[PDB]
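Here the structure comes first, spelled out in structure tokens, and everything after it is commentary.
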Amino acid sequence: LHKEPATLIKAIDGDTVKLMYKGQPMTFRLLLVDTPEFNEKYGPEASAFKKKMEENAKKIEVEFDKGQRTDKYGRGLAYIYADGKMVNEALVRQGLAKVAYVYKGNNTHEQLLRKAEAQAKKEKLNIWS
Ligand SMILES: Cc1cn([C@H]2C[C@H](OP(=O)(O)O)[C@@H](COP(=O)(O)O)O2)c(=O)[nH]c1=O
Ligand SMILES: [Ca+2]
Numbered sequence: 007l008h009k010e011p012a013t014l015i016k017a018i019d020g021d022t023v024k025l026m027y028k029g030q031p032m033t034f035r036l037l038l039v040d041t042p043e050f051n052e053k054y055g056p057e058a059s060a061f062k063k064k065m066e067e068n069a070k071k072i073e074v075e076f077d078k079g080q081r082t083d084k085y086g087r088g089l090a091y092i093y094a095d096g097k098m099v100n101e102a103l104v105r106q107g108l109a110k111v112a113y114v115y116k117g118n119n120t121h122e123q124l125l126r127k128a129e130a131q132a133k134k135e136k137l138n139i140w141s
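Residue numbers (PDB author numbering): 7 to 43, 50 to 141.
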């Protein structure tokens, strides 16, 4: 897998963001995670955590997995990095997302993320509190 450039256009919520990628606006959905909807417990905190991480970044990057790159809604499916730190993993490590939507062939970072989840759960953070 390879990191590629993108620029933030707008925060959306805990697991989607609008980025400019190869010069075109796209919505991206984070691979391998699910955050609560803005209306549910920890929804606002997930959205805020993601928004801060991505707006404070100097450099956003997108990393596609080996499989599908857009979903049925036309959202890009990627791992997103903010100054080299994976947003998908950070949300999980903080108890603000669960590992989810693990489809065969787009699951390169599955174990990394499950390890984060286990640490969050052991710490009783947020969703696991
Ligand atoms: C994360 C992810 C979601 N999806 C689809 C499955 C779900 O379909 P349904 O909309 O039919 O439930 C939806 C979940 O996204 P959201 O959590 O953003 O709603 O996105 C994929 O197809 N691939 C993926 O990798
Ligand atoms: Ca969601």
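Built from N, CA and C at the ideal position, the CB exists for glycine as well.
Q131 and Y85 have their alpha carbons spaced roughly 32 Å apart.
In terms of side-chain proximity, the C-beta atom of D40 is found nearer than 7 Å to a non-hydrogen atom of ligand 1. Not a single heavy atom of ligand 2 lies less than 7 Å from the C-beta of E52. Distances taken from the Cβ of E129 to the heavy atoms of ligand 2 include none shorter than 7 Å. For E75, the distance from the CB to the nearest heavy atom of ligand 2 is not below 7 Å. A direct Cα-Cα distance of roughly 12 Å separates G55 from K63.
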